[PDB]
>>> print(open('model28.txt').read())   # compact mmCIF, C-alpha atoms
# COMPACT_ATOMS: atom_id res chain seq x y z
CA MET A 1 -10.41 29.36 39.54
CA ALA A 2 -9.51 30.52 35.98
CA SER A 3 -11.69 32.01 33.20
CA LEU A 4 -14.50 31.02 30.91
CA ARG A 5 -13.71 32.74 27.70
CA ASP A 6 -10.20 31.52 28.43
CA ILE A 7 -11.61 27.96 28.54
CA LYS A 8 -13.25 28.45 25.18
CA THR A 9 -10.03 29.60 23.61
CA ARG A 10 -8.53 26.30 24.73
CA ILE A 11 -11.31 24.05 23.50
CA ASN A 12 -11.46 25.60 20.05
CA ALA A 13 -7.63 25.59 19.89
CA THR A 14 -7.61 21.89 20.73
CA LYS A 15 -10.42 21.21 18.30
CA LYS A 16 -8.63 22.92 15.34
CA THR A 17 -5.59 20.88 16.42
CA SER A 18 -7.33 17.56 16.31
CA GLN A 19 -8.65 18.58 12.90
CA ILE A 20 -5.19 19.29 11.51
CA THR A 21 -3.92 16.13 13.16
CA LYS A 22 -6.56 13.69 11.91
CA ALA A 23 -6.20 15.36 8.57
CA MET A 24 -2.71 14.18 8.20
CA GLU A 25 -3.37 10.74 9.57
CA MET A 26 -5.80 10.08 6.75
CA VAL A 27 -3.35 11.83 4.43
CA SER A 28 -0.51 9.60 5.59
CA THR A 29 -2.86 6.59 5.36
CA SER A 30 -3.28 7.57 1.74
CA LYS A 31 0.49 7.38 1.42
CA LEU A 32 0.71 3.87 2.77
CA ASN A 33 -1.52 2.39 0.13
CA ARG A 34 0.58 4.10 -2.49
CA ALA A 35 3.72 2.60 -1.01
CA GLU A 36 2.66 -0.79 -2.33
CA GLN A 37 2.02 0.68 -5.78
CA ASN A 38 5.75 1.51 -5.96
CA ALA A 39 6.50 -1.53 -3.76
CA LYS A 40 4.71 -3.94 -6.07
CA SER A 41 6.08 -2.20 -9.17
CA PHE A 42 9.50 -3.17 -7.84
CA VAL A 43 8.60 -6.81 -7.02
CA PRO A 44 9.50 -8.12 -10.45
CA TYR A 45 12.87 -6.42 -10.84
CA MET A 46 14.03 -7.96 -7.53
CA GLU A 47 12.84 -11.45 -8.46
CA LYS A 48 14.68 -11.32 -11.81
CA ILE A 49 17.88 -10.32 -10.06
CA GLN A 50 18.36 -13.09 -7.50
CA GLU A 51 17.22 -15.40 -10.32
CA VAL A 52 20.19 -14.06 -12.31
CA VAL A 53 22.38 -13.87 -9.21
CA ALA A 54 21.94 -17.60 -8.88
CA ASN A 55 25.79 -17.70 -8.37
CA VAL A 56 28.22 -19.84 -10.46
CA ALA A 57 30.06 -22.74 -8.67
CA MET B 1 6.62 -19.43 -36.05
CA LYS B 2 7.40 -20.67 -32.52
CA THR B 3 7.43 -17.79 -29.98
CA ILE B 4 9.45 -16.76 -26.95
CA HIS B 5 7.78 -14.64 -24.28
CA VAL B 6 9.79 -11.49 -23.58
CA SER B 7 9.57 -9.26 -20.49
CA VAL B 8 11.16 -5.94 -19.56
CA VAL B 9 11.10 -4.85 -15.95
CA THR B 10 12.54 -1.83 -14.22
CA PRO B 11 12.62 -0.56 -10.64
CA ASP B 12 9.39 1.21 -11.60
CA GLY B 13 7.63 -1.89 -12.99
CA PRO B 14 6.97 -3.79 -16.21
CA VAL B 15 7.36 -1.93 -19.51
CA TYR B 16 7.03 -4.16 -22.59
CA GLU B 17 5.81 -7.71 -22.37
CA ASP B 18 4.53 -9.88 -25.27
CA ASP B 19 5.20 -13.06 -27.28
CA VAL B 20 7.46 -12.50 -30.31
CA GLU B 21 9.58 -14.42 -32.79
CA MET B 22 12.94 -12.88 -31.78
CA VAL B 23 14.69 -10.36 -29.49
CA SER B 24 17.84 -8.68 -30.77
CA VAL B 25 19.81 -6.74 -28.13
CA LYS B 26 23.35 -5.39 -28.34
CA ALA B 27 25.48 -7.15 -25.70
CA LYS B 28 28.81 -5.53 -24.87
CA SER B 29 30.75 -6.51 -28.01
CA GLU B 31 24.76 -8.16 -31.68
CA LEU B 32 22.99 -11.18 -30.27
CA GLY B 33 19.88 -12.76 -31.83
CA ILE B 34 17.71 -14.52 -29.27
CA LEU B 35 15.41 -17.14 -30.83
CA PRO B 36 12.88 -19.40 -29.19
CA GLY B 37 14.86 -22.25 -27.69
CA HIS B 38 18.00 -20.32 -26.85
CA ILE B 39 19.97 -21.93 -23.99
CA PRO B 40 20.25 -20.35 -20.51
CA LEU B 41 22.58 -17.47 -20.80
CA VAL B 42 23.04 -14.34 -18.81
CA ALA B 43 24.72 -11.28 -20.36
CA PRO B 44 25.07 -7.52 -19.55
CA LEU B 45 23.31 -5.08 -21.84
CA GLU B 46 24.59 -1.90 -23.34
CA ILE B 47 22.81 1.38 -23.57
CA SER B 48 21.03 0.50 -26.79
CA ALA B 49 17.59 -0.54 -27.92
CA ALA B 50 15.96 -3.97 -27.91
CA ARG B 51 14.28 -4.80 -31.22
CA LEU B 52 11.35 -7.16 -30.66
CA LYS B 53 10.38 -8.58 -34.06
CA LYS B 54 6.77 -9.83 -34.44
CA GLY B 55 5.48 -8.25 -37.63
CA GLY B 56 8.72 -6.36 -38.08
CA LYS B 57 10.50 -3.11 -37.23
CA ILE B 61 12.62 -0.57 -26.44
CA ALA B 62 15.17 1.97 -25.13
CA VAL B 63 17.29 0.47 -22.36
CA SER B 64 19.84 2.13 -20.08
CA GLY B 65 21.97 -0.43 -18.23
CA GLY B 66 21.00 -3.94 -17.09
CA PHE B 67 21.26 -7.67 -17.92
CA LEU B 68 19.57 -10.21 -20.13
CA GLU B 69 17.84 -13.29 -18.73
CA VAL B 70 17.73 -15.68 -21.62
CA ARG B 71 15.60 -18.67 -20.93
CA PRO B 72 14.62 -21.15 -23.64
CA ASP B 73 10.96 -20.06 -23.18
CA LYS B 74 11.46 -16.43 -22.04
CA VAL B 75 13.68 -13.31 -22.34
CA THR B 76 13.89 -10.89 -19.41
CA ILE B 77 15.45 -7.47 -19.93
CA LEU B 78 16.50 -5.86 -16.72
CA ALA B 79 16.83 -2.16 -17.15
CA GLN B 80 17.64 0.64 -14.78
CA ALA B 81 15.71 2.85 -17.19
CA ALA B 82 13.66 1.72 -20.17
CA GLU B 83 11.16 3.60 -22.30
CA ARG B 84 9.55 2.42 -25.52
CA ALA B 85 11.51 4.89 -27.50
CA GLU B 86 12.60 5.51 -31.00
CA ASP B 87 15.74 4.38 -32.76
CA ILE B 88 17.44 7.21 -30.96
CA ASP B 89 18.68 6.78 -27.52
CA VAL B 90 19.15 10.58 -26.97
CA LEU B 91 15.46 10.24 -26.07
CA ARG B 92 15.53 7.91 -22.98
CA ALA B 93 17.66 10.82 -21.81
CA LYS B 94 14.82 13.08 -22.97
CA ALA B 95 12.51 11.09 -20.74
CA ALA B 96 15.22 11.05 -18.06
CA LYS B 97 15.03 14.81 -18.59
CA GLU B 98 11.38 15.84 -18.70
CA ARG B 99 11.00 13.62 -15.69
CA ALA B 100 13.95 14.99 -13.69
CA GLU B 101 13.04 18.49 -12.60
CA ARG B 102 9.44 17.57 -13.03
CA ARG B 103 10.21 15.44 -10.00
CA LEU B 104 11.96 18.33 -8.23
CA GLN B 105 8.87 20.43 -8.94
CA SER B 106 7.41 18.21 -6.24
CA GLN B 107 8.20 20.87 -3.64
CA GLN B 108 4.41 20.65 -2.92
CA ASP B 109 5.31 17.46 -1.09
CA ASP B 110 7.52 19.61 1.17
CA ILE B 111 5.25 22.70 1.20
CA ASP B 112 2.00 21.12 2.32
CA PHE B 113 3.77 19.64 5.31
CA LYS B 114 5.10 23.11 5.97
CA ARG B 115 1.56 24.48 5.99
CA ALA B 116 0.65 21.56 8.14
CA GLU B 117 3.55 21.91 10.61
CA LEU B 118 2.32 25.47 10.50
CA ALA B 119 -1.24 24.87 11.49
CA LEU B 120 -0.08 22.41 14.13
CA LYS B 121 1.98 25.19 15.68
CA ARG B 122 -0.75 27.81 15.35
CA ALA B 123 -3.34 25.85 17.29
CA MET B 124 -0.70 25.19 19.72
CA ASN B 125 0.17 28.88 19.77
CA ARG B 126 -2.79 29.81 21.97
CA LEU B 127 -0.90 27.42 24.25
CA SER B 128 -3.86 25.16 23.96
CA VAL B 129 -3.44 24.99 27.72
CA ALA B 130 -2.77 28.18 29.81
CA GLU B 131 -1.32 26.77 33.05
CA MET B 132 -3.79 24.01 32.18
CA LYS B 133 -7.30 25.02 33.40
CA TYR C 172 16.25 2.08 8.28
CA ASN C 173 12.91 0.81 9.52
CA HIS C 174 11.12 -2.23 8.06
CA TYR C 175 7.38 -2.67 7.41
CA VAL C 176 5.03 -5.37 8.74
CA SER C 177 1.26 -4.87 8.28
CA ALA C 178 0.16 -1.24 8.27
CA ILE C 179 1.56 0.51 11.25
CA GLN C 180 3.71 -1.83 13.15
CA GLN C 181 7.43 -1.74 12.31
CA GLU C 182 11.05 -2.27 13.59
CA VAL C 183 14.58 -0.91 12.86
CA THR C 184 17.14 -3.13 11.11
CA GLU C 185 20.70 -3.71 10.02
CA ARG C 186 20.61 -5.97 6.99
CA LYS C 187 24.12 -5.32 5.59
CA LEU C 188 25.53 -4.62 2.17
CA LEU C 189 28.64 -4.96 0.27
CA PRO C 190 29.59 -8.62 1.29
CA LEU C 191 28.67 -12.27 1.49
CA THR C 192 25.21 -13.22 0.27
CA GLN C 209 30.80 -12.77 -22.01
CA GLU C 210 31.10 -14.78 -18.76
CA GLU C 211 31.97 -13.48 -15.26
CA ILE C 212 30.77 -9.90 -15.73
CA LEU C 213 30.57 -8.95 -12.03
CA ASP C 214 31.50 -5.39 -13.11
CA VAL C 215 27.80 -5.20 -14.05
CA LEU C 216 26.07 -7.19 -11.22
CA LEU C 217 27.98 -5.63 -8.28
CA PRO C 218 26.60 -2.25 -9.31
CA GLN C 219 23.07 -3.32 -10.27
CA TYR C 220 22.82 -5.34 -7.10
CA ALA C 221 23.54 -2.33 -4.85
CA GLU C 222 21.39 0.13 -6.76
CA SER C 223 18.75 -2.56 -6.23
CA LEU C 224 19.17 -2.92 -2.47
CA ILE C 225 19.59 0.73 -1.54
CA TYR C 226 16.35 1.23 -3.42
CA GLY C 227 14.28 -1.49 -1.78
CA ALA C 228 15.56 -0.16 1.51
>>> encode(input="model28.txt", output="structure tokens")
Amino acid sequence: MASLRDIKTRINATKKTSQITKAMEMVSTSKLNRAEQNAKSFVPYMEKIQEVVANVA
Amino acid sequence: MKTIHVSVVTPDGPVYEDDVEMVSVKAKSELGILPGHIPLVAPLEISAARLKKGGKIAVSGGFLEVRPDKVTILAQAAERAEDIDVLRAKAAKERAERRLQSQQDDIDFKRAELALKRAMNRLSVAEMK
Amino acid sequence: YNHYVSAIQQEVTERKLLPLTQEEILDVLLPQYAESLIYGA
């Protein structure tokens, strides 16, 4: 049962889908290792707040 | 000339950090900070911090960590800026919409959510197969 | 929100905030301690 040229349409559709998918994975993997950059860059400010917020008796 | 290390950090990361002879900030109410100043914590003003090494930082909000060996300037927003403050606003300006201009962030994902629904359009499975 | 441990593995949380952790300037730490947390979040 079914087609052939209707089985090609599906393959290629799937393929171009995987492409677009894996694209964004790598793309969103490129946005993890920039989360640190703005994660780090905030490390100091936090330290020098609890150090201030040491809390009077 | 004994020195007191001075740091300025913001939510975006360090700004100015080097050993100087004195930091003069305007606390709400001047205060000269000299090497060997006792532990004191005080809220800043929207003013500038003058770090005097040879001689002659814009801060918007934040405290002062005064430690005998170091001076930390917490700032919500700080940009090495001129005498005038009505600059840090300038930087708070040219950065504002130039962060809204980041529609591309949005629009790629559109084009992506687009492609993802165009390869799915051919119903990548017709009654399976 | 969701926390972050090591690349993609994560879990949802309720850390809380607006309670229990010149001189006496809290008018300036209360604010700069929330701005700080909502950001880190």
>>> interface_residues(input="model28.txt", of="chain B", to="chain C", cutoff="10 Å", atoms="all atoms listed in the file", output="PyMOL selection string")
chain B and resi 11+27-29+41-45+65-67+78-80
>>> closest_atom_pairs(input="model28.txt", of="chain A", to="chain B", cutoff="7 Å", atoms="only C-alpha atoms", output="JSON lines")
{"residue": "A:2", "atom": "CA", "partner": "B:133", "partner_atom": "CA", "distance": 6.5}
{"residue": "A:10", "atom": "CA", "partner": "B:128", "partner_atom": "CA", "distance": 4.9}
{"residue": "A:13", "atom": "CA", "partner": "B:123", "partner_atom": "CA", "distance": 5.0}
{"residue": "A:14", "atom": "CA", "partner": "B:128", "partner_atom": "CA", "distance": 5.9}
{"residue": "A:16", "atom": "CA", "partner": "B:123", "partner_atom": "CA", "distance": 6.4}
{"residue": "A:17", "atom": "CA", "partner": "B:123", "partner_atom": "CA", "distance": 5.5}
{"residue": "A:20", "atom": "CA", "partner": "B:120", "partner_atom": "CA", "distance": 6.5}
{"residue": "A:38", "atom": "CA", "partner": "B:12", "partner_atom": "CA", "distance": 6.7}
{"residue": "A:41", "atom": "CA", "partner": "B:13", "partner_atom": "CA", "distance": 4.1}
{"residue": "A:42", "atom": "CA", "partner": "B:11", "partner_atom": "CA", "distance": 4.9}
{"residue": "A:44", "atom": "CA", "partner": "B:9", "partner_atom": "CA", "distance": 6.6}
{"residue": "A:45", "atom": "CA", "partner": "B:9", "partner_atom": "CA", "distance": 5.6}
{"residue": "A:52", "atom": "CA", "partner": "B:69", "partner_atom": "CA", "distance": 6.9}
>>> interface_residues(input="model28.txt", of="chain A", to="chain C", cutoff="10 Å", atoms="only C-alpha atoms", output="compact mmCIF listing (two decimals) with C-alpha atoms, in the frame of the given file")
# COMPACT_ATOMS: atom_id res chain seq x y z
CA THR A 29 -2.86 6.59 5.36
CA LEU A 32 0.71 3.87 2.77
CA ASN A 33 -1.52 2.39 0.13
CA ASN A 38 5.75 1.51 -5.96
CA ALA A 39 6.50 -1.53 -3.76
CA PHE A 42 9.50 -3.17 -7.84
CA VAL A 43 8.60 -6.81 -7.02
CA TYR A 45 12.87 -6.42 -10.84
CA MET A 46 14.03 -7.96 -7.53
CA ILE A 49 17.88 -10.32 -10.06
CA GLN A 50 18.36 -13.09 -7.50
CA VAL A 52 20.19 -14.06 -12.31
CA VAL A 53 22.38 -13.87 -9.21
CA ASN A 55 25.79 -17.70 -8.37
CA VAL A 56 28.22 -19.84 -10.46
>>> atom_distance(input="model28.txt", atom1="atom CA of residue 111 of chain B", atom2="atom CA of residue 34 of chain A")
19.5 Å
>>> closest_residue(input="model28.txt", among="B:31, B:23, B:39, B:16", to="residue 72 of chain B", atoms="all atoms listed in the file")
B:39
>>> axis_aligned_box(input="model28.txt", around="segment 209-225 of chain C", padding_each_side="3 Å", output="lines of an AutoDock Vina configuration file")
center_x = 25.4
center_y = -7.0
center_z = -11.8
size_x = 19.2
size_y = 21.5
size_z = 26.5
>>> closest_residue(input="model28.txt", among="B:24, B:73, B:48, B:18", to="residue 4 of chain B", atoms="only C-alpha atoms")
B:73
>>> atom_distance(input="model28.txt", atom1="atom CA of residue 100 of chain B", atom2="atom CA of residue 228 of chain C")
21.5 Å
>>> atom_distance(input="model28.txt", atom1="atom CA of residue 105 of chain B", atom2="atom CA of residue 21 of chain A")
25.9 Å
>>> residues_around(input="model28.txt", residues="residue 17 of chain B", least_positions_apart="4", cutoff="8 Å", atoms="all atoms listed in the file", output="PyMOL selection string")
chain B and resi 5-8
>>> build_atoms(input="model28.txt", residues="segment 108-125 of chain B", atoms="N, CA, C and O atoms", output="tab-separated table (two decimals), in the frame of the given file")
chain	number	residue	atom	x	y	z
B	108	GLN	N	5.73	20.74	-3.58
B	108	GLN	CA	4.41	20.65	-2.92
B	108	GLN	C	4.40	19.62	-1.80
B	108	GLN	O	3.77	19.82	-0.74
B	109	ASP	N	5.08	18.50	-2.07
B	109	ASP	CA	5.31	17.46	-1.09
B	109	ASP	C	5.81	18.12	0.20
B	109	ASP	O	5.14	18.06	1.22
B	110	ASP	N	6.99	18.75	0.12
B	110	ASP	CA	7.52	19.61	1.17
B	110	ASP	C	6.51	20.66	1.65
B	110	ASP	O	6.14	20.67	2.82
B	111	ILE	N	6.07	21.55	0.77
B	111	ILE	CA	5.25	22.70	1.20
B	111	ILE	C	3.89	22.45	1.87
B	111	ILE	O	3.47	23.26	2.69
B	112	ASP	N	3.19	21.38	1.53
B	112	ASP	CA	2.00	21.12	2.32
B	112	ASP	C	2.40	20.88	3.77
B	112	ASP	O	1.89	21.52	4.68
B	113	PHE	N	3.32	19.94	3.97
B	113	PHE	CA	3.77	19.64	5.31
B	113	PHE	C	4.22	20.91	6.04
B	113	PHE	O	4.04	21.03	7.24
B	114	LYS	N	4.79	21.86	5.32
B	114	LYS	CA	5.10	23.11	5.97
B	114	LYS	C	3.79	23.67	6.49
B	114	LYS	O	3.63	23.86	7.69
B	115	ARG	N	2.83	23.88	5.60
B	115	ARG	CA	1.56	24.48	5.99
B	115	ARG	C	0.90	23.65	7.07
B	115	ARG	O	0.14	24.14	7.88
B	116	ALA	N	1.20	22.37	7.10
B	116	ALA	CA	0.65	21.56	8.14
B	116	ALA	C	1.40	21.77	9.46
B	116	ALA	O	0.79	21.97	10.49
B	117	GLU	N	2.74	21.74	9.41
B	117	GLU	CA	3.55	21.91	10.61
B	117	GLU	C	3.25	23.30	11.11
B	117	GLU	O	3.54	23.65	12.26
B	118	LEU	N	2.71	24.10	10.20
B	118	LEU	CA	2.32	25.47	10.50
B	118	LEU	C	1.06	25.48	11.34
B	118	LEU	O	1.04	26.00	12.45
B	119	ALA	N	0.02	24.87	10.80
B	119	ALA	CA	-1.24	24.87	11.49
B	119	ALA	C	-1.03	24.23	12.84
B	119	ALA	O	-1.52	24.73	13.84
B	120	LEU	N	-0.28	23.13	12.88
B	120	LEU	CA	-0.08	22.41	14.13
B	120	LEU	C	0.60	23.30	15.16
B	120	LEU	O	0.41	23.11	16.36
B	121	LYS	N	1.39	24.27	14.71
B	121	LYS	CA	1.98	25.19	15.68
B	121	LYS	C	1.24	26.51	15.81
B	121	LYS	O	1.68	27.37	16.56
B	122	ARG	N	0.15	26.69	15.07
B	122	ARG	CA	-0.75	27.81	15.35
B	122	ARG	C	-1.94	27.48	16.24
B	122	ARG	O	-2.59	28.37	16.78
B	123	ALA	N	-2.26	26.21	16.38
B	123	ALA	CA	-3.34	25.85	17.29
B	123	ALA	C	-2.70	25.52	18.59
B	123	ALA	O	-3.31	25.50	19.65
B	124	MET	N	-1.41	25.32	18.51
B	124	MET	CA	-0.70	25.19	19.72
B	124	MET	C	-0.22	26.56	20.16
B	124	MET	O	0.19	26.73	21.28
B	125	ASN	N	-0.31	27.57	19.31
B	125	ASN	CA	0.17	28.88	19.77
B	125	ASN	C	-0.61	29.39	20.97
B	125	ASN	O	-0.02	29.76	21.98
